[PDB]
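Visitor: If you're matching positions, the sequence shown starts at 109 in our numbering and goes up one per residue.
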Amino acid sequence: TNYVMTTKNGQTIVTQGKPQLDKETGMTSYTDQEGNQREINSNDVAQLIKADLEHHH
Numbered sequence: 109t110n111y112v113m114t115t116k117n118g119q120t121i122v123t124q125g126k127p128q129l130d131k132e133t134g135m136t137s138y139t140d141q142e143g144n145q146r147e148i149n150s151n152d153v154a155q156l157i158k159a160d161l162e163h164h165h
């Protein structure tokens, strides 16, 4: 349900659902925490990690 995106410039952004990548526009569209829909250059994305609900082990 939540993914955490880390950008090249160091920002941490939480998303609703897994962001989608278009290999034809070099864009990655996502939905922020306000349901707003955005898009970002796929090169500006360092990591895209599915959030865990809690810590374990």
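Cβ coordinates follow ideal geometry from the N, Cα and C atoms, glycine included.
Comparing C-alpha positions only, which one of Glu132, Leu156 and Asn144 sits nearest to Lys116?
Guide: Counting from one through the sequence shown, the residue named residue 116 turns up at place 8. It is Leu156.
Visitor: Could you tell me the boundaries of the beta strand (DSSP E) in which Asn144 lies?
Guide: Numbered from 1 along the sequence shown, position 36 holds the residue referred to as residue 144. Element bounds for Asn144: n/a, residue is neither H nor E.
Visitor: Check for me: the beta strand (DSSP E) holding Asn151 runs from which residue to which?
Guide: Here residue 151 is taken as the residue at index 43 of the sequence shown, counted from 1. Here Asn151 belongs to no beta strand (DSSP E), and DSSP marks it neither H nor E.
Visitor: With DSSP run on the structure shown, which of helix, strand or coil describes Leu161?
Guide: Here residue 161 refers to the residue found at position 53 of the sequence shown. Here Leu161 sits in coil by DSSP.
Visitor: What's the gap between the Cα of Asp160 and the Cα of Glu132?
Guide: On the sequence shown, residue 160 is found 52 positions in, with the first residue counted as 1. On the sequence shown, residue 132 is found 24 positions in, with the first residue counted as 1. Straight-line Cα distance between these residues: approximately 30 Å.
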